[PDB]
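# Structural overview
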Amino acid sequence: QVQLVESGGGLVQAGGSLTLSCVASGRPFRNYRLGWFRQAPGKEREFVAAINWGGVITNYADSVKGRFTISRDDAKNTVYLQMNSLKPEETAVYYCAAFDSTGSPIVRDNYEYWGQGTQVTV
Amino acid sequence: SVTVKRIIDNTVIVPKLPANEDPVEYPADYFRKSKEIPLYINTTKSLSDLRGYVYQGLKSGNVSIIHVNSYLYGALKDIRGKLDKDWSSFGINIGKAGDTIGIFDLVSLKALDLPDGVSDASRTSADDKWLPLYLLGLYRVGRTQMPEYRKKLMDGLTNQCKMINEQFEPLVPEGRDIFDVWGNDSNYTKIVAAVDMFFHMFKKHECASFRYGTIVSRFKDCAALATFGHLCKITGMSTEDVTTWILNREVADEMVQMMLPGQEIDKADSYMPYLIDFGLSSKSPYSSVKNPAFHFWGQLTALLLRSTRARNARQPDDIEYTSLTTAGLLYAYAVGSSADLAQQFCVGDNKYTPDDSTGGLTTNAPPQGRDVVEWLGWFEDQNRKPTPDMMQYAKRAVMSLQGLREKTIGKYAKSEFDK
Amino acid sequence: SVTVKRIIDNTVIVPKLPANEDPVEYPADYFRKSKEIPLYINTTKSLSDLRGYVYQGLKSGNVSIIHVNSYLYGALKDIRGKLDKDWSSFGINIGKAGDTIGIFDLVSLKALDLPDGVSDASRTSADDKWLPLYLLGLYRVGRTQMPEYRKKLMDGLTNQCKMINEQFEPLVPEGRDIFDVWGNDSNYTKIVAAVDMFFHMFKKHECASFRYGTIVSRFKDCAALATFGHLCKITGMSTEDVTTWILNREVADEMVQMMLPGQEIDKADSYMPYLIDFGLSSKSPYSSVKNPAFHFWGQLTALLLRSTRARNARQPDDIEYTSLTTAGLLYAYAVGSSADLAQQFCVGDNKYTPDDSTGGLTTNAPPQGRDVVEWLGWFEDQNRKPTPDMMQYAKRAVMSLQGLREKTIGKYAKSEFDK
Amino acid sequence: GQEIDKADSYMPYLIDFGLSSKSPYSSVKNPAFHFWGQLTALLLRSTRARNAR
RNA sequence: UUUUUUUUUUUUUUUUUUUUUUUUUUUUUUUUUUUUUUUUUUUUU
C-alpha cells in the first residue's frame, strides 16, 4: 500500500502563481505513476498533469499547458507542480494520484491510489 | 623493456607488438557512480492489450521487444516474497525488516520514451501464467546456435505444458531467429537478471519454475571462477591450498585479477552473478577470455583427476600450453598419488598408530602430503622433467576417453598423453 | 581460512568461492512445530459425480487434480485395517488399542477453498474399484521421461486388467503429459504417501495391489541410505564395522549427516520414508545429491564386490573421484581377499584346529581379517599406492561387464581398471 | 617511427588508407620470419599454426 | 621448330575472427531405463 498527502494549496490572487506538493508514504521503492487531478464545484474529476516514474515523460491537459509544470524527487518521494498564471476557472480541489507501473495515464481509472485532496481557490 | 642489439653491426632494435586494451570492469566500480540500476520500460498500454500484442506478435514473425518488456512488467509486477532476513548488496538495502519484496524492487523503474503493433482478444488471464515463462525461456534458447542443443525449446514447451496441458509453441520454425535479438535489448536482460536474482532468494515460490531460461544469466561470462570452484572440489583441497599450487605467472596474474576483495563474489545472494545482463560491467573479469591460462590449467588438472565436465571444456587460444600442461601434470600427479587416507571413526578407542622405526632410508620417493614446497623439490630431483610414472599416470587418465569434441581439453589431453 | 600471500610482492590474496546454502531439512524438525500434517481436499461434490468427472476428464486431455484428489478421498475413504499392535510416529499416536485404522487417519482432513468440470453417468461402483489404482499408478508412471521405462503404464494397465478383464487405459497417448503435473499437487502426494504408508502396515489387504504406483514414494530422494544398506549387505559386515571403513572426510561428514539420532530411520513403519511427499522436508538429508561421495564410494565398492545394482548407479558431479576410488579399492580388496571362511557345523564334535607352529615368518602378507586398523598399516607398507594385485583384482571385477550406460559407475569402474 | 605500438593509430590501416602500396609487415616481405615463428609456435602446441601457409 | 614447375605475380598469403562469449552444463528437481503381492531353472512327473 501507499499513502499520498497533498500540500501547498490555499487561496491566491487572480493571476498569481502557486505550487502544490504531494508526499508519498508506505512503499516508495516501487514502480508508481504520479498524476494530478482536480474537481470543480459541480464538475466531474478531470485530468490536470502526470509524470512517469523515471521523471522524463510528462503530459498536461489542454486547459493548463504552458502554465503548469510537474516534477518529482523520488529520493524524497514527492512530486511538485507549479501553477503559474492562475485563473478562477482553476478553482477546484486538487488530488494527487498514483498508479503502479512505468507510465502516466490521462484518465482517472488508470490510477490506484488517491490523496484526500487540497482546495485551491482563485 | 630492455635494450636489444643486433650483434652483426651493433644496430639497436626495438621489438614491439600491436597493443589491445580490452580493459576489465568490476561490478563494485559501477555502484560508486550510480547507487541504483534503471529499467527502461513503457507503462502506457494495458496488460490485456499487451497479451494480444505479444501473442499475435509471437504467432507471426513480427514482435516488438518493447512490448514484451512492457508486458513482462505488468505480467510479473504482482509477484512477491517475504524476507526471513535482511537483503543488501553493494550499498543497496533492497529489503527492510519483514516487509515483502517484489521482483522489481531490485531495479528502479524509468519510462521508455511507440511501436504500433497489433492487438488480439479472447486472450484471458490464463495466458499471463505461462507467457512470461515462455518469453523468459526463449532468452536461454536463443543463445546457442547448435541445432540440437537449441532444442531446449522442447523443455520450455514441456515446462509450460506442465502449467497448461494444451500449450504448443506460438512461434514459427523461422522463430529460431526471432528471439535471438531479444538478448540485445538491455532492459530485457535487466528483466531476466532480476527474475533469476529474485527467485534465487525465494527458492520454493510457486512461480520458481520461471527461473528456467533465466538460470543462464547467473554467472554469465564467469566461467573461470566456476573452474576454480570445480578444481577446489575435484582436488578436495581448500581454496588457499589450491591457490598455492599455481606455478605459472599468467595464472598468478589472472588469479589476482579474479580475487579483488570488494566484488561480493562470496555473498550468497548478490548483484555480482548478474553483472553482465544488469549492465554492471561490459567486460567481465571472471570470464575464460580474460583468464585463459587459469581455465586451461584448472580444467586440465581436473580432467587428469577423473573429471567429467572437463571432457568438453574448450581449449583457449594463445597461451603457453607446454608450461601450463606440465604444471597441471605435477599438480594432478601430486593429488593422484597422495590419497591421504586417514582413519576417521574408531570402535574400542584404537586408532592407526604409524610406525617410526622404519629407518632403511626409503629416499628418492615422492612426498607424502600435497605441499607445494615438497613437490617442487622432488620435481627438482627429477630435473624438472616429468617422470615416466607421471606420463604413464596421465596416459591412464586420458585413455579410454571416447566421443571427444574438437578444440576441447579432453581431446587435447588425450592427444597429448595417450601414445 | 588461513592467510595466503603472493611471494613476488608480498601482496595478500583472499581466495573465495561463490556460496550456495542448500540447507537440509530433517523430518523430526517438522513435528516440533506442527503435531499433524493436513490434507487439503474438497468435500462438496458427491462420489458418483466425481467418478464421471475424472473418467470423462481422463478420456480427454482436461482433468482437475482437485477432482482426482476429492475423488480419491471418498473412493478410498471406507478402507480399513485392524492393528495387531500400537502405531505411533514422531509423537503422533495414529492407532489406539485394537481399534481399526483407516487410510486417512494418518493425516488430518482440511477443506480446500471450484473447478467446473464435466459429468458422466452409466459409471457404476465397478469403476471405484480400479480408478484409484489407475490414478495412483500414473504417479509412478509420470516420474520418468524415458520412453520405454515409462511403459510401466502397461503394468498398471495389466494390474487393473486383473481387477476387470476389459480394462483399457482411459488416456490418450498425449496423456504422457497429463499425469506428469499431478506430482506437483501437494495434496495428491500427501494421498499417495498415506496410501503407501497404510498398505505397508496392512500388508495382505485385499486392496494391497493399490501400493503399485505408490511404492516409489517410500524413501523417495533417499538413495544414499539405500546405498548404505546395499553396502552393509554386499560386504556382509555390520553397520558399525562398515562405518569404520570410511577413509574420506566428505564421506565422514555425510555419514554423520544421515545418522542424526532422532529421525526414526530405523523404525519399521514410520513417517520418515515419506518425508518428501508428505511435505515433512523440502530438501531430503538422505539423497545422493546431499551425500554424493557416500553414494559414489559405497556404490563403487559394492560394484567391485560383485554387485549388480551398482552396474547402473549414476556417477555424481564435483567429488574427489581419485581419493574415493582408492578408498573403495582398498575396502573392496580387503573384503575380497578376506573371505573369512569358518566352520559352522560339526559331526563328531571335531572342529578345525588352527596350527600355531608356523614360525617361518610369513610376513609382507595382507592382514587376516577385515580390521581397518591393520589394512591401513599394510597399505602404509605399500607406500599408500595400490599394489598390482589390487589393480589386477579390480580389473578382474570390472572386466566382462557389458551393456554399460554412460555416466554410470559401472562404465566408470570399467574405464578405470580395465586396461 | 611507425607507431606499431600505439593502441589507436593510422598504422594498422596503411593499405586501405593508401599510406603504403607494399606493406613492410607482410608474410611476403618477411617469409622466413613467418615460417620460423609459425613453425616454432606449432611445435609449442599452437592451434593457429596448424593452417598457416 | 618447340618448350620442357598440369608455377605465376597486382597487393596478399590460419577453408582466422574479435561484439561479448564459450562443458552440443544446467540441478526447482531427482537421479539402479529397480521395486515388492507372493515369488524368483523361458523345470517337470
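As deposited, the entry is annotated with X-ray crystallography as its determination method and 5.473 Å as its resolution.

Okay, the interface of chain B and chain C next. On the side of chain C, 49 residues touch chain B, which itself brings 48 residues to the contact. Carbon and sulfur atoms supply 60% of the area that chain B and chain C bury against each other, a total of about 4,600 Å² over both sides. The largest contributions to the chain B side of the interface with chain C come from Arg306, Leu341 and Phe345 of chain B, which together make up 16% of the buried area. Scanning the region where chain B abuts chain C turns up 2 salt bridges. The salt bridge partner of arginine 306 of chain B is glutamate 416 of chain C, with a shortest N-O separation of 3.0 Å. A breakdown of the residues in the side of chain B that touches chain C according to their chemical character gives 23 nonpolar, 14 polar and 11 charged.

This next bit is on empty space enclosed by the protein. All names here are of chain C. Here the largest cavity is characterised by a volume of approximately 50 Å³. Looking at the largest cavity, the residues that line it are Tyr134, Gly137, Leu138, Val141, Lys152, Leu153, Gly156, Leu157, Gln160 and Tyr212. Put simply, the parts of the chain that give the lining of the largest cavity at least two residues each are α4 (131-141) and α5 (153-163).

By size, the foremost hydrophobic cluster in this structure holds 269 residues, and its most contacted members are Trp36 of chain A, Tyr271, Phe278 and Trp297 of chain B together with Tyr271, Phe278 and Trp297 of chain C. Not counting the four nearest positions on each side in its chain, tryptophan 297 of chain B is found in contact with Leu231, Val242, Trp245, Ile246, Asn248, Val251, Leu324, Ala327, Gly328 and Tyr331 of chain B.

Residue and element names in this part refer to chain D. Note that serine 20 resides in the segment before α1 (31-43). Among the polar contacts listed, one links the side chain of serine 20 to the backbone oxygen of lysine 22, at a separation of 3.1 Å. The residues contacting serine 20, other than those within four sequence positions of it, are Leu14 and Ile15.

Each partner contributes to the interface: chain D provides 6 residues, whereas chain B provides 11 residues. Of all residues in chain D, the largest losses of buried area upon contact with chain B belong to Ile4, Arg45 and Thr47 of chain D, amounting jointly to 62% of the total for that side. Here chain D and chain B share 1 salt bridge between them. Close ionic contact of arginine 45 of chain D with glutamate 416 of chain B constitutes a salt bridge, the shortest N to O distance being 3.2 Å. Linking chain D to chain B there are 2 residue pairs in polar contact. A class-by-class count of the residues in the side of chain D that touches chain B yields 3 nonpolar, 1 polar and 2 charged.

Turning our eyes to something else, we now look at the side chain of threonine 322 of chain C. Structurally, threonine 322 of chain C can be placed in helix α11 (residues 321-337). Judged by relative accessible area, which is 8%, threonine 322 of chain C ranks as buried.

It is worth spelling out the packing of aromatic side chains at this point. Scanning the model with the defined rule gives 56 aromatic pairs over all chains in all. Aromatic side chains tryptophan 375 of chain B and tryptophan 378 of chain B sit 5.2 Å apart centroid to centroid with 70 degrees between the ring planes, which places their arrangement in the edge-to-face category. Residue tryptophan 375 of chain B and its partner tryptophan 378 of chain B are both found in helix α12 (residues 372-381); the two are separated by 3 residues, about one turn of the helix. Of the two residues, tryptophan 375 of chain B and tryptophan 378 of chain B, both sit in the buried class. Centroid distance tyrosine 30 of chain C to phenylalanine 31 of chain C: 4.8 Å. Interplanar angle 80 degrees. Geometry classified as edge-to-face. By the burial criterion, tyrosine 30 of chain C is buried, and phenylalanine 31 of chain C matches it. Three or more aromatic residues joined by ring pairs form one cluster here, namely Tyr30, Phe31, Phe90, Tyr271, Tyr274 and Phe278 of chain B. Residue placement shows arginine 45 of chain A over the ring face of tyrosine 95 of chain A; its charged tip is 3.9 Å from the ring centre. Residue placement shows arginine 123 of chain B over the ring face of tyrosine 55 of chain B; its charged tip is 3.7 Å from the ring centre.

Now for the protein's contact with RNA strand E. In the neighbourhood of RNA strand E, 59 residues make up the surrounding shell, with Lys283 of chain B, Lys203, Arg211 and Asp221 of chain C together with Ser27 of chain D lying closest. Of all atoms in RNA strand E that approach within 4 Å of the protein, 72% are sugar or phosphate atoms. The backbone of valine 289 of chain B places a nitrogen or oxygen atom 3.5 Å from a phosphate oxygen of RNA strand E. In the model, a phosphate oxygen of RNA strand E is placed 2.6 Å from a nitrogen or oxygen of the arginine 405 of chain C side chain.

Moving on to a negative patch on the surface. Residues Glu240, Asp241, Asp371 and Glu374 of chain C make up a contiguous surface patch of negative charge. The exposure class of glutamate 374 of chain C is partly exposed, given its relative accessible area of 43%.

Looking now at the sheet that holds strand β3 (residues 19-26) of chain A. All names here are of chain A. Strand order in this open sheet of 4 strands is β1-β3-β8-β7, and the pairing throughout is antiparallel. Two strands in the sheet have a free side with no partner beyond their single neighbour: β1 (2-7) and β7 (68-70). Averaged over all pairs of adjacent strands, the angle between their axes in this sheet comes to 15 degrees, without regard to strand direction. The pairing of β7 with strand β8 (residues 81-83) spans 3 bridges and is antiparallel. The partner of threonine 69 across the bridge, within β8, is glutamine 82.

What counts, and where the lines are drawn
- Residues numbered from 1 in each chain as written, not as in the entry; some residues may be left out.
- Chains lettered and ligands numbered in written order.
- Part of a larger assembly, values for the part shown.
- Heavy atoms only, no water.
- Contact = heavy atoms within 4.5 Å.
- Buried area = accessible area lost by both parts, 1.4 Å probe.
- Salt bridge = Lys/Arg side-chain N within 4 Å of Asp/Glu carboxyl O.
- Nonpolar A, V, L, I, M, F, W, Y, C, P; charged D, E, K, R; others polar.
- 1 Å grid on protein atoms, 1.4 Å probe; cavity = no way out; pocket = protein on both sides within 12 Å on 5 of 7 lines; lining within 4 Å.
- Points joined across faces, edges and corners; volume = space filled by probe spheres on them.
- Helix = DSSP H or I, 4+ residues; strand = E, 2+ residues; numbered from the N terminus.
- Core = buried A, V, L, I, M, F, W, Y, C linked by side-chain atoms within 4.5 Å.
- Buried < 20%, exposed > 50% of the residue type's maximum accessible area, 1.4 Å probe, protein only.
- Polar contact = N/O pair within 3.5 Å; in protein donor to acceptor, adjacent residues only side chain to side chain.
- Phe/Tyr/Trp six-rings, centres within 6.5 Å; stacked < 30°, edge-to-face > 60°.
- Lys NZ or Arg CZ within 6 Å of the ring centre and 35° of its normal.
- Near = heavy atom within 4 Å.
- Patch = residues over 30% accessible without salt bridge, like charges linked within 9 Å, V, L, I, M, F, W, Y side chains within 5 Å.
- Areas by Shrake-Rupley, 256 points an atom, 1.4 Å probe, with all protein chains shown as cover.
- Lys, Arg positive; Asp, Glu negative; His and termini not counted.
- Charge placed at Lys NZ, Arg CZ, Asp CG, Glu CD.
- Pairing = 2+ DSSP bridges.
- Axes fitted to C-alpha atoms, helices over the stretch in contact; angles between N-to-C directions.

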